[PDB]
C-alpha cells in the first residue's frame, strides 16, 4: 500500500489528507491496486478532484464498477510527465536514454527509459525547493528553455542514478540476519539432508497416512542422507508412540522427540514457548501445533550440525531425471529462506517487484559462527513477539490485527488481564476469539456494533443493533447479517431457522479465520520472519524489475535471488509462494486452492 498515495498525489490531484482519505473510502466496495496499473482511474479522478474532494468521493459512490473507466467523449514531477515537448522534459529524457545505455546490456526499451526518466524527475523535484522550484514548474509548463546551470545541478543527480544501477551493493546493504550476503557463495549445503516437524493434535494418530507416505518417499529418494522427523512424545499415547517409533525405524526416518532436548539460551526460550503451545493445544486452551513447529524450526539442537533443509512435512520433491544429482551445493548466506517475487504493472513504467518470503523450506548450512548469528537473530525476533503480544498487535501492519485493536471485546479482554494481573498470551487471545465467534451475539458484542454495522451494510443501524443487543433482540442481528449475506431481506424471509443458522456459522467461522491466521503467522511464522528481513529493503523508491542490468548485483532483489534463497539449491518444490519474478496474473495459482492448523481443519484432525 505504500505506493498508492504517491500516484494519487502525483497523478490524481490529491494532497496528503484526501490522498489518504481516498484510500480510507476507496476500499469499501482489498485490492485497490488494479486501478493504479493503467492510470485511467487517476486521470478521471483528477478531473473530478478539480471540483473538490466531495465531487470525487461522490463519483466513486455512484460508480457501477471501478477499473471499468475509459476516457471521456508545486508538481514538477507530473508536470514533467505531462507533455514532454518542453525543452527540459526533453533533456531529462535524453539523459535517461544515456543512463540506460551505460547501465544496461542491450538497447533500452520504452518502459526502461520511462523508469529512469521518472527517477530523474522525482530527484530534480526533491533537489528543488522554494520559488526557483515554483519557477521550474512554471518553466516546464510554459515550455521554454533549460535555465542556466540546470545541466550542472543535473550532473550529480545523473551520476547518482547511474552509480546506483552499476556499482555492486556494498556489504552494508547486504546485511541479512546479521550476516553479509557474499557473492562468492562460500556456504555449502546438502540437497539430501532434510528435517520436518509434526506435532499431532490427535493422541491416537501420530501423523496422517498421506504425510507418512510422503516421508517414506523422501527417505527413500534422499539416498543415505538424513530424513529427520521432529515430533513430541507428550502428544501421543504410549501405544501410538511405540507404533510411530517403529514406523520410522522401518522406513529409514530419523525420529527426534523434541521433548527430550536439553537446551540453553534462546534454544530454551523457543523450547519453552513451544511446549506452552502444545500444552495449550492439548488442553484446548488456544494452542497451535503449527505455531509450535514455527518455533522449533530454529532450535540449534533440532536443526543439527550438518547442512540440512527444513521443509514442511508435506513438501514434495523433483525426484527423477530432472532432479539434482550432486549432494552438495553452494550459496552466499548461511540460512536460505524460500523467496519469490510478483510483478505489478505500473502503466508506462516498469513493473514493481514484490518479494515474498516463506519458511516452508529453509536451507541451513553446517554449524558455524555465521549460521549461529542468523539463527539467534530469528529466535530473538520470535521470542520477542511472544513476550509483547499486545505491543505487537498494536504496532502491527496487518489489516486484521489493526481492526482487532479497535474492537471493544479486545479492550475488555485486556482490562481483564491487567485487572487480573495476567499477561495476555497468544493462546489466551486465540481462545478468547474462538469463544467470541461461537455465536452471533458474543460475536457482535466483541467487535463493535459499529463494526458490525459497517460490515453488515447498515452503518446507520448501529444504534439499533446496540438496542437489540442490550435487550436480547437477537432476531435483528441474525436478519441484519443474513440480509447482507443473501442480498436483501426479501430473500432472508425464505430461509427458516436451520438454513439461516448454518449460514451464520459459516460466516462467523470465516471471520475467525481471518484473525486466527495472523495470530500464528505474524508471531511465529513467515510473516514474523518477513518483518525481521524487511529493513534490508530500500524503503524509498519501489523495486522495479530491471531485466538486462550489466551489473545485476546492484539491486538487492537480484542479490537475494542469486545468493540467499533456496531456489536452485534443493529438490523440494513449493507452490506456497510464487517463483521469482512471477507475473501478476501468473500468481493466479491462488484462485485454485483452510490449512491443517486452522481451527476448522484442526477440529477434524482428531474428531
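Positions refer to the first chain, counted from 1.
The deposited sequence places 10 or more unmodelled residues between residue 73 and residue 74. Counting the unmodelled positions of the deposited sequence between residue 593 and residue 594 gives a small gap of 1 to 3 residues. Once the C-alpha B-factors are averaged per stretch, 518-526 and 413-421 rank with 413-421 first. When the two stretches 278-286 and 493-501 are set side by side, the higher mean Cα temperature factor goes to 493-501.
Between the residues 332, 225, 84, 457, the entry's highest C-alpha temperature factor is the one at 84. When the C-alpha B-factors of 565, 559, 69, 581 are ranked from the entry, the top spot goes to 69.
Compared with the other modelled residues of the chain, the Cα B-factor recorded for residue 513 ranks in the middle third. In the deposited entry, the Cα temperature factor of residue 576 sits in the middle third of values across the chain's modelled residues.
In this PDB entry, the Cα temperature factor of residue 452 sits in the middle third of its chain's modelled residues. Ranked by C-alpha B-factor against the other modelled residues of its chain, residue 351 falls in the middle third. Among the modelled residues of its chain, residue 399 has a C-alpha B-factor that falls in the middle third, as given in the PDB entry.
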